[PDB]
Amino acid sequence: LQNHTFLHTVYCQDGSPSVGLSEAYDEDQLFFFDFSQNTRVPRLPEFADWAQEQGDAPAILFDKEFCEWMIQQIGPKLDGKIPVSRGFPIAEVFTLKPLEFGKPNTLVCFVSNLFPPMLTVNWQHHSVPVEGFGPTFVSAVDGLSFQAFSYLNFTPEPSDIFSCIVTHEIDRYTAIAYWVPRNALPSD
């Protein structure tokens, strides 16, 4: 009988989003809380049924308010006194499945070392903006850190060149990761 970790992270900050709550089972995100909608959102459809139970609303409320209290009351007092912890976001891009020209695939943009948790991800195809599939998932990970996943559905072609642009929100820093078609698997 091996152990497994259920991580429930309530975090808040000076900036947007001002507050968040991420939950994970070992390395994977289970839910994220939408405070504007008062509800847990499932990372995957199959977790939809479990995202309904709200037996811990008061605990979430307690933690939320205490968190916002530290940023609001404490913080302005530490402002200038201690150096603000900050980490440059590191982005990497890769296909969800092995490359096969003309076949539907999905590009993944994984962002790590994100701190504070404020970002925007933009996808481009040959220097041309293109909207991604679904939202960008920001989650908390062990060690008071954050990461994010973004996806782009596409059908790879020999001349393709894509890029994932990560903005550590409000122009703190901008990272860019490029993806080029290589070692494509032979088609039938």
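Note that residue numbering begins at 1 and tracks the sequence as displayed.
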Revision key, fill the gap. As the entry reports it, the stretch among 157-165 and 125-133 with higher mean C-alpha B factor is 125-133
Exercise for review: Higher average CA B factor in the deposited record is what I'm after, so tell me if that's 135-143 or 53-61.
Suggested key: 53-61
Check your understanding: If you check the C-alpha B-factor for each of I71, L96, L78, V111 in the entry, which is highest?
Key -> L78
**Study point:** Residue with maximal Cα B-factor (values as given in the PDB entry) among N38, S150, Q29, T120
**Key:** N38
Check your understanding: Where does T174 sit by CA temperature factor within its chain: lowest, middle or highest third?
Key -> middle
Study note, to complete from the structure: Chain thirds by Cα B factor, record data; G87 belongs to the middle
Check your understanding: Within this chain, which third does the Cα B-factor at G15 fall in: lowest, middle or highest?
Key -> highest
